[PDB]
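# Understanding the architecture of this molecule
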Protein chains: 2
Amino acid sequence: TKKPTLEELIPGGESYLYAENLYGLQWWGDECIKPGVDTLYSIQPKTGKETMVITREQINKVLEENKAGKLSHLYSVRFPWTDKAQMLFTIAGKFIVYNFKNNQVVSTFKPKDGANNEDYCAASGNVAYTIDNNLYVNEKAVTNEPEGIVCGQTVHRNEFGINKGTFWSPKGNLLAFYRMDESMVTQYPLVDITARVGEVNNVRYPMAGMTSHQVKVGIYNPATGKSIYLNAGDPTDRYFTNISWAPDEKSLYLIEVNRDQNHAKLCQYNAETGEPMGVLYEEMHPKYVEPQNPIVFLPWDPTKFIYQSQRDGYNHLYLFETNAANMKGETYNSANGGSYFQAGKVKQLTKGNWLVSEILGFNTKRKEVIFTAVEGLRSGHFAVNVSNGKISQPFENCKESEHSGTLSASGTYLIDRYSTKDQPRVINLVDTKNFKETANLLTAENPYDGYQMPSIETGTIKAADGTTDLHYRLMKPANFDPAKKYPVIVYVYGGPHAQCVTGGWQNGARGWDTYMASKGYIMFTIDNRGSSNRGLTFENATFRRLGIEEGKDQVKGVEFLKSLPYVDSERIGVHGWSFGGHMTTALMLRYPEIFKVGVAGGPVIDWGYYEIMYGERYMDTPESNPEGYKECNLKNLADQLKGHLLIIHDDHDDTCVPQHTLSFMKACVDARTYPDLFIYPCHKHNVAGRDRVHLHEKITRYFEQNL
Amino acid sequence: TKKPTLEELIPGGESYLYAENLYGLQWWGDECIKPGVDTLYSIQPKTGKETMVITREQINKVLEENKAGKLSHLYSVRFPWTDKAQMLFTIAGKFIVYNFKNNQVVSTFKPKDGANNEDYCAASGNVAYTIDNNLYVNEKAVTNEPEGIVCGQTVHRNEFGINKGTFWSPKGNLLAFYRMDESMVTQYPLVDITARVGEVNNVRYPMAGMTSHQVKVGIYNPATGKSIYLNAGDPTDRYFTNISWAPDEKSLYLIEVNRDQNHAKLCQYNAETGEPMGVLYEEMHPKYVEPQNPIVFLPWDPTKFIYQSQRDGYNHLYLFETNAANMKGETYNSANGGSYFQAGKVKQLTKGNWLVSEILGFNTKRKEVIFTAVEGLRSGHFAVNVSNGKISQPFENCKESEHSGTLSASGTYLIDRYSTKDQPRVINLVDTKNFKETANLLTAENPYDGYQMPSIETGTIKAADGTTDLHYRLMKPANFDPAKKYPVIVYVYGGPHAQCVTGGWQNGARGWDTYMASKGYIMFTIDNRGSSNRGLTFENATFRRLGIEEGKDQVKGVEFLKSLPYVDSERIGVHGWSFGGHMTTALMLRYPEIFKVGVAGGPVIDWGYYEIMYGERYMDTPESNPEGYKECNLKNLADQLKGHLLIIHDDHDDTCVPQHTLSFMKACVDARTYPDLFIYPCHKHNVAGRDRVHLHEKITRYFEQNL
Ligand SMILES: [Mg+2]
Ligand SMILES: [Mg+2]
């Protein structure tokens, strides 16, 4: 009979309910380490037998004898040496290497104050980290650059799979790093209203069609203290992505992407001189090419590497030869409608209407690559023999689930974390020879046990093309009566790189979904064309017209709801954030007779205010696609607003500048339409922490008053 | 049966209704000039006989012979020479002097492009004007100052009656001007969201308790082209106000006010050297002193001048001696609780529980000063003989009305513009010997003739002190039934320098008052203690605690409404702008059991964000009044919000920085209270033009949905 509140359903809530977990669970060679608050256990994967390693009292005793501090829990320890009985942890910025068979502090190192993006190399003992805009290795500064130059940090606004800007050589003798010059990029003025006098907080923001930032790759030698830069030419309008090292540390590889994002090149550079050594492979597509993963060399054969490509329509593994730049190249057409320039023998290791979501690593003894594969609501772990191409089992044996994995040092065992509709969290140890569970580490209990909960249903309907199958999730209140009429709220995202309907826990339902469904509102979400884990054809159907085919598919979802007799067709609302915010506004403006109430958070209004990297991939430039930009500029449709639309924007949003929403307000004032607005001061793109509860109460209140 | 629309009732509306007027009505000596679109007439004041002077066709004929352009109407013509049959007008920035007896162009002058604040001196033919931050006289630049220096323009944020920064000598041979250095004042970042990339639009804004701007007075001679600056010492934390010239042009007078605004000094300076020549008079008050008018010399005796002071509790005329600085000074206590340092014989020309609102000028033959006097809803024109102090008639003969006047060159006749509850606009010529109407120039007809209109009632109730009488205005729908219950909307301002309930047209009702009253809402407004035209005691009751006594008085108004059987006590809303926005928020937070719904526009939230000049006058400094600032900081009461509060703020508001409202939103998020917000981009303190209709539709909609 008791229903959960927003305090129990929204992250940031005082009593937020979540399924039990095993934090810090990792590998020490081929032994599984299960940390706790007071003990660290070792688990033999073959048997599942738990052996105690060390207690926090024991470690703290030795830390106090060294005046090194105190641990509160053992969840943050790491085991980066397969052969040394050593542990690594941090206590107030200080790195401690601890021997757990002798109970001794091996070493301590404290980087300079204000250290971020710390990247430790176990093989050499070197640590790279950043202080403001400059890069540091151990006690020395690698760079001394002015404002506008950023070193050793992420570049190209985290696109093409870039998440860091430091790349240690396999043995830790050289460090590759990014050097970004943003000096020529426009600054957007955010205003801090908590200062004595409201101050400007400028952020570099490159908008579609304007001047971009320039990236350079440096190579630093900690033994000499000298750095070189790769001689790639004028870096203007070029992306330098997916940095990878040769196993011998003599050359560096990267994937270069042009500004039009339709041509990618796998390049080699000399690590000692920075001189180019050739192009091994080239990939082209009339729409776009999007490299997201570096090349991985075979641990048993450095003359071969695995490249990840969607050229046939799905992300798959391809085995290439290292000597490809010095062989005869031929041009080929690819199944995705693109083309590629390839030399040498290339072997497609994985094939089918599914994609590889992660390379987990290798089993060197059995010569296999272990990986995770996905499609729609299905996921699973797999192995493929690199020599013959024999796959462990067909993708068709996959169930609806969400799998995550961590491979042991020998590739013999796997930590398998998964969730299904009714199973919140299951953690098993899995044998990679036959993919059989060897031991259950956790089977989390339902955190909503003893609460009244809504029902969840998933299914498929056809897209606006009449052929593509779209997955939807439908939620109803617990006391649902099919004789009564109910209001509906469509939760929408619908942009690329995301999927709302999963095969995981509650089919991806969010806390607010649960909250509104229990308040008497039917909740609906459909994953339209453009969304992820369905291949490139499903995704690029939206090219140069973002939001259009997405809206058409969302309307097919509504036509399905209207066919249900318990749906009140005159009470359809819509809510989304970011791309979802654009979709909420666009649906209100393009289908004003369908959607009655809408709540749009941090939306994109005009793609001309959006970043170059993401924007120009799907929309090209305002100069190259003037029709696309006009059609998808929601300021042009401001006069179509009939219903209740609330726009929420955060004052320190540097993903969607606040200009989007205020320029939309001005357009409605001029057109004499009446949207509502709300600004969350001191919040970035999303409202985080306790204020996220305030946000969901405000959203709930808007739908209760107007739907 | 037809009701007016917001398009007919709101300025900026497409069909805005207003009472007929006579634009450009002025004096050519003692002849009254009535311009029109096609003709200029002359009116003999004794008789009221209209004589044609000239036609637009005649003037345009002569302008075309001189290639000087074309006039579209004769409303912008001026007659600054009493003895020359000449006119002044401007065609596309070009000044033209025209003789209307001979039909000849006398001269043309075109100032540099981008000219503003043009100040023409008919006696010398010189014109001063500004281009950006610099001052110009005729063809030459007086100043060449960098960013942060402003010359020849208004200073001290238009306080102490400063409305310009150029002051010509009586014969036009010297120009006194302001030079303001703002370089040391903090810049507030406003953001222009119409730019390609949202840009910063900085404004200098000095906040209470912080570093102020510095003002200097320059004296420029157009014949020599040289300037001198008054040697007043370090200008830090001093106000230089009410600049006035000696009749012989040999010295300049000003009133200096300290930063604590409790000590004023009448000062003389040599016009040739800029050297100080003494202090003639000093005025002190424990609360504040506020000089707002320069001294005026008697046209028949330059050894005497009239000073305007509230030292006895009401603004009155005092006759002083020019030789006062060189006489024996004594300190005296004043009836307002202040003190003054005075030398020589001083004569109080006007006395009573009423104030002088304007010195219209003089009748030199009869030795009288003509002036307008006000108190509450009462107004009138008066003469006092400067020699014997005999007043034309007692203030008690005044009726409820709003009078405005323009005196002829000899002070024999007056243009009297007035309004009463039911008379929208009456314009008469009045004989200043007996103040009898000599001719009716206009008796405007009601612009709402043929419309359904609400009823208007005025009365008085006692203030929260139990002794002071407060004027209120009550409006009811036309079909009002005293058997039914009605919702009420309190319109509030309540700050100093303003009065809402007048003796003029509709007792000061505004368009939106009319609109809501006709929609079935009772409208109520009360002029609380702190408001103007009631003397200093009524006003400074709020000193150091702005909003507190004002709220108490607004609540006495509500206790009156609750005593009316046709008022629904459970449906009371409130609306105000600026000080009224503060009042709306404060009333919602301090009396949450009284006001159900509120709409606050461009409010003051924290007095620490408000300007030095106005703020420190009534609140002192945050360091001098920490309790006052804490109590009146509405962020401190954020947790008290129970009802529906909408805060509207304009993104380019440089009166109330947008920081006020955004810092209030943050405080409510933190306190878990739910106010609503709206931002009008590209609007200053008030929404002007067609968007003002959008603003009033949004305000109407908020009250219809929630009250
Ligand atoms: Mg492109
Ligand atoms: Mg003071």
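Bear in mind the residue numbers are our own, running from 1 along each chain as written, so they may not match the entry, and residues with no coordinates are left out. Going through the entries in the order they are written, you letter the chains from A and number the ligands from 1. To get the side-chain values, take all heavy atoms of the structure and skip hydrogens and water. Residues with missing side-chain atoms are left out of burial classes, side-chain pairs and their counts.

Method-wise, the PDB entry is recorded as coming from X-ray crystallography, at a reported resolution of 2.4800 Å.

Here the focus is the sheet that holds strand β24 (residues 301–309) of chain A. Residue and element names in this part refer to chain A. DSSP bridges decide pairing: two strands pair if at least two such bridges lie between them. Counting from the N terminus, the helices are the DSSP runs of H or I reaching at least four residues and the strands are the DSSP runs of E reaching at least two. Here four strands make up an open sheet; going across it, the order is β23-β24-β25-β28 and the pairing antiparallel. Bordering the open sheet on either side are β23 (296–298) and β28 (347–348), each of which pairs with just one other strand. In this sheet, β24 lies alongside β23 in antiparallel orientation, the contact comprising three bridges. When the sheet's bridge partners are listed, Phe-297 is paired in β24 with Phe-305.

Turning to the coordination of the magnesium ion (ligand 2), a few remarks are in order. All names here are of chain B. At 2.1 to 2.3 Å from the magnesium ion (ligand 2) lie its protein donor atoms, namely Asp-260 (O), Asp-260 (OD) and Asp-620 (OD). Residue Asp-260 is found in the loop between β20 (251–258) and β21 (263–270), and its partner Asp-620 is found in the loop between α7 (612–619) and α8 (626–631); the two are separated by 360 residues along the sequence. Here's how the labels work: a residue is buried when its accessible area is under 20% of the maximum for its type, exposed when over 50%, partly exposed in between, all with a 1.4 Å probe on protein chains only. Of the residues examined, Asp-620 reaches a relative accessible area of 9% and is grouped as buried. Metal donors: N, O and S atoms at distances within 2.8 Å, or within 3.2 Å for Na, K and Ca, with water omitted from the atom set so that some sites may seem incomplete.

Moving on, we get to the pattern of salt bridges. A pairing counts as a salt bridge when a side-chain nitrogen of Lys or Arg comes within 4 Å of a carboxyl oxygen of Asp or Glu. Applying the stated criterion across every chain yields a total of 71 salt bridges over all chains. Across the pair B:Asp606 and B:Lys635 runs a salt bridge, and its minimum N-O distance is 3.3 Å. In this pair, B:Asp606 is assigned in the loop between β41 (597–601) and α7 and B:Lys635 in the loop between α8 and β42 (644–650), connecting sequence segments 29 residues apart. Via salt bridges that share partners, A:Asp465, A:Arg529, A:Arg545, A:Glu549, A:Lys552, A:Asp553 and A:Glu631 belong to a single interconnected network.

To continue, consider the side chain of B:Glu182. Residues and elements named next belong to chain B. Note on placement: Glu-182 falls in the loop between β14 (175–181) and β15 (187–192). Here the positive residues are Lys and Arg and the negative ones are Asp and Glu; neither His nor the chain ends is included. No salt bridge is formed by the buried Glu-182; its nearest oppositely charged neighbour, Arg-204, is found at 5.0 Å. Here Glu-182 is in contact with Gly-148, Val-150, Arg-204 and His-213, once residues within four sequence places are set aside. Here a residue-residue contact requires only that any non-hydrogen atoms of the pair lie within 4.5 Å.

Let us now look at the nonpolar core. Side chains of a nonpolar character, in soluble globular proteins, are inclined to be buried together. By size, the foremost hydrophobic cluster in this structure holds 199 residues, and its most contacted members are A:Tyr188, A:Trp512, A:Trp607, B:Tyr188, B:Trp512, B:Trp607 and B:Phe664. The residues contacting B:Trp512, other than those within four sequence positions of it, are B:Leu6, B:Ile10, B:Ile489, B:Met523, B:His575, B:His696, B:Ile699, B:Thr700 and B:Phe703. Each nonpolar core is a collection of buried residues, namely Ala, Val, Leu, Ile, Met, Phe, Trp, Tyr and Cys, held together in the definition by side-chain atoms within 4.5 Å.

With that settled, the discussion passes to the relation of the copies chain A and chain B. Comparison of the two chain copies shows a relationship of rotation about an axis with a shift along it. Each copy of the sequence occupies a distinct position, and chain A is placed on chain B by a rotation of 180° and an axial shift of 0.1 Å, giving an RMSD of 0.1 Å. Given the turn and translation reported, the copies of this chain are related as if by a two-fold rotation axis. Among all C-alpha atoms of chain A, that of A:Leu677 lies closest to the rotation axis, at 3.1 Å. A share of 100% of the interface residues of chain A reappears at the interface of chain B, consistent with the copies meeting face to face through the same patch. The copies are aligned by least squares, using only their C-alpha atoms.

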